[PDB]
Every structure is written in structure tokens, then in C-alpha cells.
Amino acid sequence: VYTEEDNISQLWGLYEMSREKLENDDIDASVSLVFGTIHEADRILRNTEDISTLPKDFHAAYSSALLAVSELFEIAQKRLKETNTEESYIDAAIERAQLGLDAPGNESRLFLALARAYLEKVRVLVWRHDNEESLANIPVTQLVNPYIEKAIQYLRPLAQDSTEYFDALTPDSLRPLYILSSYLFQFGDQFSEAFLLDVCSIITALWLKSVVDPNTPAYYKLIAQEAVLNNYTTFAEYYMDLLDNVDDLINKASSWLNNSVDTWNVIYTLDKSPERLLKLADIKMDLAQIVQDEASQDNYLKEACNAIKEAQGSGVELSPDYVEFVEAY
């Protein structure tokens, strides 16, 4: 027989396919699949014996389809009355997912849907602050902090080791994490160091979890590791910037720079390409700039020079900047 559980599994299947189509740059197909997901969800609501026993996973899939309409709204709007907006689809995604909070069942997919929608809301609110006259004199942090906080509330459980891998948690589904990282960077002035340390380890744990399975294709490990490399280097800059205004700052900045080196090495092993050596060079040059010990500084500078020389010897074009660094060395 075909159970309610099967139905929900097929619902996820439609959504998943929409994401495969998106990845192949077939946006119109993706849009068809997303709207199809929504219709099927509606059909399930019409035919179930008790809506209150639909699992969290049902509302998670439905919320995800709604969010996807917002993501692809530029094309999707063509199939809708003009009264509709991207933002209204983000709102619906949020409300649909919140309806799931009382439903029975595993909560991982719901927590992810909630976080994704709250973060997309933050992005649109930032745009509204900059473009709508009504919101001009409301401080952005006042505007978005409640959504930021709600996002973190649902991400934190997902980032725990106790939360086992689930296949809605892909590098693509974590793209809204960029919104959070950008926010903490643009407006990190208002948060304590401990807060930043906390939220950044959540973000980082999530990217890593999305590709833990060693069988994950290199292509996906790369996207995740690139996002991790970005978070490390940004934290490093957080400290280096503070320094510009202490042994502690230097020690902390150096830990993050060295974490960046470790992660760059994972990336280089995954997609070994000569132009990547310039990224290594920049990290080493940051290390050289702040290190308090000449012996170490000497080491860093040599490593940067070798990286740059090897890049150029491998056909990579050098900017005048890199060019002069190796001359001056």
C-alpha cells in the first residue's frame, strides 16, 4: 500500500528534484517542481484523516518549497497574480515551518527549514532598510536581531554531534549561512567575543557536517570547505583589526590563520590547482605581518614566496602586487 509516510517521502522527492534541476541551471523546471511540491502538500492536507498527526517532516518540505519560490521568484512570479511578492513567500515559509513545531516526529529537517527561512527574512529586511523610506531610521540591528536570534535557536541543535547527518543538510541548503556570516561581520561590533566564537563554531560545524560522509563527492566537499576557510579567515581579520587599535589578539589571530592553512590544505588536496597557491601566500603573509618572532616571520615569508613562485611557474598570472613581493624578497 501507499502510506502517509510514503506520500511525505514522495513530497521530499519532488523538492529534491527541484534542487537537482536548479543545480543544472534549469530554473523553469525547478520552478515547476517547486509549485508541484506545494500542490502535492495541499493535496495531502485535504486527504489526511488528522492534520494534527502530519509529522514535522511534512511541514519542513512544504516550508522548503515556499522558500524556494522566493529564491526563484524572478521566474516564478510569471505564473502568479501580480499581488504576490518574494517576501510574502519567505513569510509563508516561516509560518508553514512554525506550524510544524507542534507536529509529531524528528525535528532536524524542520529546524533547518526554520533557520533557512529566518535568514532569508534577514536578508530581505536589510534590503528594505536600505530602500524603503519607512524603515530608513530604524537601526538594522534592531530590525533583524529577532530573526538572527531565531535562526541561531534552530541551528544550534543541528550543529551538535548528537544530531546525526540527514540528507536535507547539503552544502546548497546551507547557502543562507552566508547571510549570517555577513551579518556578524558587518555588525559584530555589537556582540561580545564569546557570542561570536559561539555562533561561528555553529556555522562551521554545520558546513563540516554537510559533507562528513567520506563518500561525499569532491565537488560538494569543496563548497563546504571553502565556506569554512572563509569563516576562519574572517575571524582572523576580526582579531587583526582589533590589533590595529596585545599578545592575546596576536595569539588568537594566529590560531585562526593557522586553522585557515589547515583547511586550505584540505581544499588543495581536493581540487589541486596552481592558482590556489596565491590564497596560501596571502594567509602566510598575514601570519608574517603580525608574528612577534623574527624566526617565524622569516619562515612565513619564505613559504609565501615559494607559493607565489610555484604558481607563476605553473602558468598562473601574477598581479604587480605578487610580482613585487617576490622581487623585494
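One rule holds for the numbers: they count along the sequence shown, beginning at 1.
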Checklist entry - In this entry, is the chain continuous from residue 245 to residue 246, or are deposited residues missing in between (none, 1 to 3, 4 to 9, 10 or more)? => result 4 to 9
Next on the checklist: Mean Cα B factor from the PDB record: higher for 11 to 19, or higher for 309 to 317?
Outcome noted: 309 to 317
Checklist entry - According to the deposited model, is the average Cα temperature factor higher in 234 to 242 or in 67 to 75? => result 234 to 242
Item to check | Residue selected from 193, 130, 86, 172 by maximal Cα B factor | outcome: 193
Checklist entry - Whose C-alpha has the highest temperature factor in the PDB entry: 292, 52, 260, 32? => result 292
Checklist outcome for this item: Chain-relative C-alpha B factor for residue 227 (record values, thirds): the lowest
Checklist entry - Can you tell me which third, lowest, middle or highest, the CA B-factor of residue 47 falls into for its chain? => result middle
Checklist entry - In terms of the chain's CA B-factor thirds, is residue 38 lowest, middle or highest? => result lowest
Checklist outcome for this item: Chain thirds by Cα B factor, record data; residue 162 belongs to the highest
Next on the checklist: Quick check on the deposited entry: does the C-alpha B-factor of residue 298 sit in the lowest, middle or highest third of its chain?
Outcome noted: highest
